[PDB]
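Dropping structure31.txt in here (compact mmCIF, C-alpha atoms and all ligand atoms):
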# COMPACT_ATOMS: atom_id res chain seq x y z
CA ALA A 415 -1.45 -1.94 -107.90
CA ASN A 416 -5.08 -0.82 -107.95
CA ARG A 417 -6.31 0.12 -111.44
CA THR A 418 -6.06 3.83 -112.22
CA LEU A 419 -9.53 5.31 -111.81
CA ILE A 420 -11.01 7.22 -114.74
CA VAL A 421 -12.52 10.53 -113.67
CA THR A 422 -15.02 12.29 -115.92
CA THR A 423 -15.24 16.03 -115.43
CA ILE A 424 -16.07 19.27 -117.21
CA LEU A 425 -14.54 22.76 -117.43
CA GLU A 426 -16.32 25.03 -114.97
CA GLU A 427 -14.58 27.89 -113.10
CA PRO A 428 -13.34 27.67 -110.33
CA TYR A 429 -14.00 23.92 -110.00
CA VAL A 430 -12.06 22.76 -113.06
CA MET A 431 -9.94 25.06 -115.23
CA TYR A 432 -6.83 24.87 -117.40
CA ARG A 433 -3.70 25.70 -115.43
CA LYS A 434 -1.73 28.64 -116.84
CA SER A 435 1.85 27.73 -117.67
CA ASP A 436 4.64 28.91 -119.95
CA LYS A 437 5.78 25.27 -120.21
CA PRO A 438 3.98 22.14 -121.51
CA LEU A 439 1.58 20.38 -119.16
CA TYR A 440 0.29 16.87 -119.70
CA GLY A 441 -2.35 14.65 -118.18
CA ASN A 442 -3.81 15.78 -114.88
CA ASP A 443 -1.30 18.63 -114.59
CA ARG A 444 -3.28 20.52 -117.23
CA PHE A 445 -6.05 21.11 -114.70
CA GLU A 446 -6.56 22.95 -111.44
CA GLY A 447 -9.43 24.09 -109.25
CA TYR A 448 -11.64 23.16 -106.34
CA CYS A 449 -12.50 19.77 -107.82
CA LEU A 450 -8.85 18.95 -108.55
CA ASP A 451 -8.01 19.74 -104.94
CA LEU A 452 -10.97 17.59 -103.89
CA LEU A 453 -9.56 14.72 -105.99
CA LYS A 454 -6.09 15.09 -104.44
CA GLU A 455 -7.67 14.79 -100.98
CA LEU A 456 -10.07 11.92 -101.85
CA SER A 457 -7.33 9.91 -103.59
CA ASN A 458 -5.01 10.22 -100.55
CA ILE A 459 -7.80 8.94 -98.28
CA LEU A 460 -8.93 6.08 -100.56
CA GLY A 461 -5.55 5.02 -101.94
CA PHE A 462 -5.78 5.53 -105.70
CA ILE A 463 -4.35 7.44 -108.63
CA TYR A 464 -6.61 8.72 -111.38
CA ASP A 465 -6.84 9.93 -114.97
CA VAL A 466 -8.90 13.11 -115.52
CA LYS A 467 -10.84 13.09 -118.79
CA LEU A 468 -13.09 15.93 -119.95
CA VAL A 469 -16.53 14.66 -120.90
CA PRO A 470 -16.51 14.30 -124.71
CA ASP A 471 -19.92 15.91 -125.37
CA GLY A 472 -19.25 18.80 -122.96
CA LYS A 473 -22.49 18.22 -121.02
CA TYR A 474 -23.46 17.59 -117.43
CA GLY A 475 -26.32 15.24 -118.30
CA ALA A 476 -30.01 15.09 -119.08
CA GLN A 477 -32.34 12.54 -120.59
CA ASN A 478 -34.28 12.85 -123.83
CA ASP A 479 -37.89 11.82 -124.56
CA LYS A 480 -36.61 8.23 -125.03
CA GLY A 481 -34.94 8.09 -121.59
CA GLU A 482 -31.44 8.26 -123.11
CA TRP A 483 -28.83 10.19 -121.13
CA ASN A 484 -25.88 12.30 -122.21
CA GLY A 485 -22.90 14.06 -120.56
CA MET A 486 -21.14 12.92 -117.40
CA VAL A 487 -24.23 11.04 -116.28
CA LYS A 488 -24.07 8.86 -119.43
CA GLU A 489 -20.34 8.27 -118.87
CA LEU A 490 -21.22 6.79 -115.46
CA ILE A 491 -24.24 4.78 -116.66
CA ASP A 492 -22.12 3.27 -119.43
CA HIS A 493 -19.18 2.60 -117.06
CA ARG A 494 -16.85 4.76 -119.15
CA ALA A 495 -15.67 6.47 -115.96
CA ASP A 496 -15.29 5.33 -112.35
CA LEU A 497 -16.11 8.73 -110.85
CA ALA A 498 -17.51 12.09 -111.90
CA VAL A 499 -15.80 14.87 -109.91
CA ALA A 500 -17.37 18.14 -110.94
CA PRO A 501 -20.01 20.62 -109.75
CA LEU A 502 -22.52 17.82 -110.42
CA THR A 503 -25.94 18.45 -108.95
CA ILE A 504 -27.59 15.70 -106.89
CA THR A 505 -31.10 15.28 -108.27
CA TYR A 506 -33.95 12.77 -107.98
CA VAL A 507 -33.85 11.88 -111.69
CA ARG A 508 -30.09 11.32 -111.66
CA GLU A 509 -30.08 9.41 -108.36
CA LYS A 510 -32.31 6.76 -109.96
CA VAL A 511 -29.61 6.02 -112.57
CA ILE A 512 -26.25 6.69 -110.84
CA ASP A 513 -24.94 6.60 -107.25
CA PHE A 514 -24.02 9.95 -105.72
CA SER A 515 -21.76 10.54 -102.74
CA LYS A 516 -23.04 12.70 -99.90
CA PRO A 517 -22.87 16.39 -100.88
CA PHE A 518 -19.65 18.41 -100.69
CA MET A 519 -21.35 21.80 -101.29
CA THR A 520 -24.86 23.25 -101.27
CA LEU A 521 -26.35 25.87 -103.58
CA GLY A 522 -29.52 26.94 -105.35
CA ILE A 523 -30.65 28.24 -108.73
CA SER A 524 -30.76 32.00 -109.10
CA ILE A 525 -30.57 34.58 -111.94
CA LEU A 526 -27.49 36.27 -113.40
CA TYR A 527 -28.01 39.51 -115.30
CA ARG A 528 -26.42 42.91 -115.93
CA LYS A 529 -27.08 45.84 -113.65
CA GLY A 600 -29.68 48.57 -114.19
CA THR A 601 -33.14 46.97 -114.48
CA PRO A 652 -36.13 46.87 -112.08
CA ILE A 653 -36.25 43.06 -112.33
CA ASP A 654 -36.12 41.75 -108.78
CA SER A 655 -37.33 38.13 -109.08
CA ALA A 656 -38.15 35.20 -111.37
CA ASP A 657 -41.81 36.34 -111.26
CA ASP A 658 -40.67 39.73 -112.55
CA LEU A 659 -38.45 38.11 -115.18
CA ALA A 660 -41.16 35.74 -116.48
CA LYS A 661 -43.75 38.51 -116.62
CA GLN A 662 -41.74 41.15 -118.49
CA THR A 663 -41.13 40.87 -122.22
CA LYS A 664 -37.90 42.85 -122.85
CA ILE A 665 -35.23 40.50 -121.42
CA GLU A 666 -34.81 36.96 -122.81
CA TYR A 667 -33.62 34.19 -120.47
CA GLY A 668 -32.45 30.59 -120.43
CA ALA A 669 -30.09 28.05 -118.95
CA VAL A 670 -27.20 25.81 -119.97
CA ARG A 671 -28.57 22.99 -122.15
CA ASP A 672 -28.69 19.51 -120.59
CA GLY A 673 -27.87 20.47 -117.01
CA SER A 674 -29.90 20.30 -113.81
CA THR A 675 -31.08 23.91 -114.05
CA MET A 676 -32.67 23.21 -117.45
CA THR A 677 -34.16 20.04 -115.93
CA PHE A 678 -35.51 21.95 -112.91
CA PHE A 679 -37.56 24.10 -115.24
CA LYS A 680 -38.62 21.21 -117.48
CA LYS A 681 -39.98 19.30 -114.44
CA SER A 682 -41.46 22.18 -112.43
CA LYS A 683 -45.15 22.26 -111.51
CA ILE A 684 -44.84 25.85 -110.20
CA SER A 685 -46.72 28.11 -112.63
CA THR A 686 -44.02 30.81 -112.99
CA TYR A 687 -41.40 28.15 -113.70
CA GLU A 688 -43.70 26.21 -116.07
CA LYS A 689 -44.08 29.43 -118.07
CA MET A 690 -40.33 29.98 -117.97
CA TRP A 691 -39.76 26.43 -119.24
CA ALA A 692 -42.25 26.92 -122.08
CA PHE A 693 -40.43 30.13 -123.01
CA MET A 694 -36.93 28.56 -122.90
CA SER A 695 -38.09 25.50 -124.80
CA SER A 696 -39.90 27.57 -127.48
CA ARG A 697 -36.70 29.54 -128.00
CA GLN A 698 -34.47 26.50 -127.32
CA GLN A 699 -32.12 27.16 -130.25
CA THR A 700 -31.86 30.69 -128.90
CA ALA A 701 -32.46 30.48 -125.14
CA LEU A 702 -30.49 27.35 -124.11
CA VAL A 703 -26.74 27.90 -124.24
CA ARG A 704 -23.97 25.32 -124.76
CA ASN A 705 -22.09 26.14 -121.56
CA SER A 706 -21.73 28.73 -118.82
CA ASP A 707 -19.19 30.80 -120.81
CA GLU A 708 -21.62 31.21 -123.71
CA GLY A 709 -24.36 32.10 -121.23
CA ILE A 710 -22.24 34.73 -119.52
CA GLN A 711 -21.17 36.23 -122.86
CA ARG A 712 -24.86 36.40 -123.80
CA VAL A 713 -25.69 38.20 -120.52
CA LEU A 714 -22.89 40.70 -121.16
CA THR A 715 -23.68 41.44 -124.82
CA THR A 716 -27.45 40.97 -125.28
CA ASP A 717 -30.68 41.43 -123.30
CA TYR A 718 -30.50 37.97 -121.76
CA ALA A 719 -30.53 36.65 -118.18
CA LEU A 720 -28.96 33.30 -117.28
CA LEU A 721 -30.49 30.89 -114.78
CA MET A 722 -27.59 29.29 -112.94
CA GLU A 723 -26.32 28.02 -109.62
CA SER A 724 -25.64 30.44 -106.78
CA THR A 725 -22.06 29.44 -106.05
CA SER A 726 -21.15 30.23 -109.69
CA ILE A 727 -23.04 33.55 -109.49
CA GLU A 728 -21.05 34.37 -106.32
CA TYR A 729 -17.82 33.63 -108.18
CA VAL A 730 -18.49 35.66 -111.32
CA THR A 731 -20.11 38.69 -109.68
CA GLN A 732 -16.99 39.19 -107.55
CA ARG A 733 -14.88 39.23 -110.74
CA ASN A 734 -16.97 41.14 -113.27
CA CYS A 735 -18.63 44.15 -111.67
CA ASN A 736 -21.09 44.54 -114.57
CA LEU A 737 -22.83 41.35 -113.43
CA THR A 738 -25.33 40.87 -110.61
CA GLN A 739 -27.64 38.30 -109.05
CA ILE A 740 -31.39 38.95 -109.47
CA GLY A 741 -33.59 37.79 -106.60
CA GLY A 742 -32.77 35.01 -104.16
CA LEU A 743 -32.41 31.26 -104.44
CA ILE A 744 -35.30 29.42 -106.10
CA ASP A 745 -34.32 26.00 -104.71
CA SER A 746 -31.70 24.30 -102.52
CA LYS A 747 -29.64 21.22 -103.35
CA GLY A 748 -26.13 19.76 -103.27
CA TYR A 749 -23.17 18.77 -105.41
CA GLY A 750 -21.88 15.21 -105.08
CA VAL A 751 -19.32 12.89 -106.62
CA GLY A 752 -21.06 10.58 -109.10
CA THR A 753 -20.35 6.89 -109.53
CA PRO A 754 -22.05 4.15 -111.56
CA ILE A 755 -24.87 2.37 -109.69
CA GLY A 756 -23.44 -0.28 -107.41
CA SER A 757 -19.94 1.19 -107.41
CA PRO A 758 -17.82 -0.02 -104.49
CA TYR A 759 -16.23 3.44 -104.37
CA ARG A 760 -19.37 5.50 -103.60
CA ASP A 761 -19.57 4.72 -99.88
CA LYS A 762 -15.80 5.16 -99.49
CA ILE A 763 -16.04 8.54 -101.25
CA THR A 764 -18.96 9.55 -98.99
CA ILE A 765 -16.93 8.64 -95.92
CA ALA A 766 -13.95 10.66 -97.25
CA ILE A 767 -16.19 13.66 -97.99
CA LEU A 768 -17.56 13.57 -94.44
CA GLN A 769 -13.97 13.47 -93.13
CA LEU A 770 -13.04 16.53 -95.20
CA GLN A 771 -16.26 18.28 -94.16
CA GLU A 772 -15.71 17.71 -90.45
CA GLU A 773 -11.99 18.59 -90.63
CA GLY A 774 -12.87 21.97 -92.18
CA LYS A 775 -11.00 21.12 -95.39
CA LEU A 776 -14.01 21.65 -97.69
CA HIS A 777 -14.53 25.08 -96.14
CA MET A 778 -10.84 25.91 -96.65
CA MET A 779 -11.03 24.76 -100.26
CA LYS A 780 -14.02 27.02 -100.90
CA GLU A 781 -12.17 29.98 -99.39
CA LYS A 782 -9.10 29.21 -101.52
CA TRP A 783 -10.95 29.12 -104.83
CA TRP A 784 -13.54 31.90 -104.27
CA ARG A 785 -11.40 34.56 -102.46
CA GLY A 786 -11.58 37.47 -102.48
CA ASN A 787 -14.16 40.30 -102.78
CA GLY A 788 -13.70 42.31 -105.98
CA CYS A 789 -16.90 44.36 -106.52
CA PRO A 790 -19.09 46.83 -104.59
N1 LIG A 801 -24.47 21.73 -111.92
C1 LIG A 801 -25.37 21.51 -113.06
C2 LIG A 801 -24.85 22.13 -114.37
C3 LIG A 801 -25.05 23.64 -114.49
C4 LIG A 801 -26.51 24.05 -114.37
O1 LIG A 801 -27.38 23.32 -114.89
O2 LIG A 801 -26.76 25.12 -113.75
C5 LIG A 801 -24.48 24.18 -115.80
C6 LIG A 801 -23.50 25.25 -115.37
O3 LIG A 801 -24.19 26.51 -115.38
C7 LIG A 801 -23.52 27.57 -114.68
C8 LIG A 801 -23.50 27.22 -113.20
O4 LIG A 801 -24.85 26.97 -112.77
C9 LIG A 801 -22.64 25.97 -113.05
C10 LIG A 801 -23.12 24.84 -113.96
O5 LIG A 801 -24.31 24.27 -113.44
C11 LIG A 801 -25.52 20.03 -113.28
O6 LIG A 801 -24.99 19.22 -112.49
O7 LIG A 801 -26.21 19.69 -114.25

Go ahead and express the file in the form of structure tokens.
Amino acid sequence: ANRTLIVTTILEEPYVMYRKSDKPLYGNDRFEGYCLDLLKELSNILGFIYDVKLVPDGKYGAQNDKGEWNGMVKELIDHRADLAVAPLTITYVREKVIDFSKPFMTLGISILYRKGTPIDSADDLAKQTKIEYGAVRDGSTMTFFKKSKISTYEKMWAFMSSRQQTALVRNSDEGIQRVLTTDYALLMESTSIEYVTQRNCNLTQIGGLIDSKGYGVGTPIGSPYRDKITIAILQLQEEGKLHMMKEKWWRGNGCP
């Protein structure tokens, strides 16, 4: 039989979450979400079983000043996993070091905050001095700011980086808690903003999308699975299955 593929992933609602059960769950059964459904579909099409393993460092992946990676990206570079199936953003810097499938979803960075302020854009947010802001450490949103040559975003990066211990959060849950309990706005991806703002009516998006990009399945460079996964994604796309999966995991409207 074909070797069981190792899948690196990360907890991120509603892509990957612990299943709620009153009885013990083991192995893959512990998890559910859009990305687990995606894996069930991909594995049927490609003919494999898999072992889902949460990334040990809890990070998506960024490189330090020495060019050393962490998170799921490092797991792929180091051939610790066969696939990364997660809301993993397809970026220029990552594409040079891993192979991504074609995208299964598109999104852009925007701002999550509480309601009640006149802040209407990133320009507004960068200019004012009352509300702090940041991003999840070692993800693509942090990297977007670090690499930007747009003045507003360069200033925002300098601010986040100056207050890195403060401004850059460990994960999306910490970021959202910070938004809810302190004067802090979180830079994050639009599909996640859509999800949370339909569940907690104290939260809102500020402004529009600042960029546009996709999520893809990651594989190590040269992986014989990447093209097969791309073909499977296109199948699911064209059959309307990806659309159905989005509806299943995002439904339904909870806030005015
Ligand atoms: N998709 C990103 C990770 C992350 C980000 O950098 O925005 C962290 C986490 O942040 C909350 C929401 O944006 C979903 C997740 O995206 C990545 O692939 O690095």

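Interatomic distance, CA of residue 768 in chain A to CA of residue 451 in chain A: 15.5 Å.
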
For ligand LIG 801 (chain A), the nearest of the candidates A:455, A:427, A:436, A:489, counting only C-alpha atoms and all ligand atoms: A:427

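The residues sitting within 7 Å of ligand LIG 801 (chain A), with all atoms listed in the file considered, come out as residues 426, 474, 475, 501, 502, 503, 669, 670, 672, 673, 674, 675, 676, 705, 706, 721, 722, 723, 724 and 726 of chain A.
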
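The space separating CA of residue 497 in chain A from CA of residue 445 in chain A comes to 16.4 Å.
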
Distance criterion (only C-alpha atoms): nearest to residue 702 in chain A out of A:715, A:677, A:732, A:685: A:677

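Neighbours of range 698-700 of chain A closer than or equal to 12 Å, with only C-alpha atoms counted and sequence neighbours fewer than 3 positions away skipped, come out as residues 666, 667, 668, 669, 670, 671, 672, 676, 680, 690, 691, 692, 693, 694, 695, 703, 704, 708, 709, 712, 716 and 718 of chain A.
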
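Across A:484, A:423, A:435, A:769, the tightest approach to residue 450 in chain A is made by A:423 when counting all atoms listed in the file.
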
Neighbour list for residue 430 in chain A as an MDAnalysis selection string, cut-off 12 Å, all atoms listed in the file, skip fewer than 2 positions in-chain: chainID A and resid 422:428 432:433 442:453 466:468 499:502 783

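Proximity of A:420, A:744, A:659, A:755 to residue 462 in chain A, computed with all atoms listed in the file, is greatest for A:420.
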
For residue 490 in chain A, the nearest of the candidates A:752, A:774, A:652, A:742, counting only C-alpha atoms: A:752

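Distances from A:524, A:515, A:739, A:655 to residue 757 in chain A were compared using all atoms listed in the file, and the smallest one belongs to A:515.
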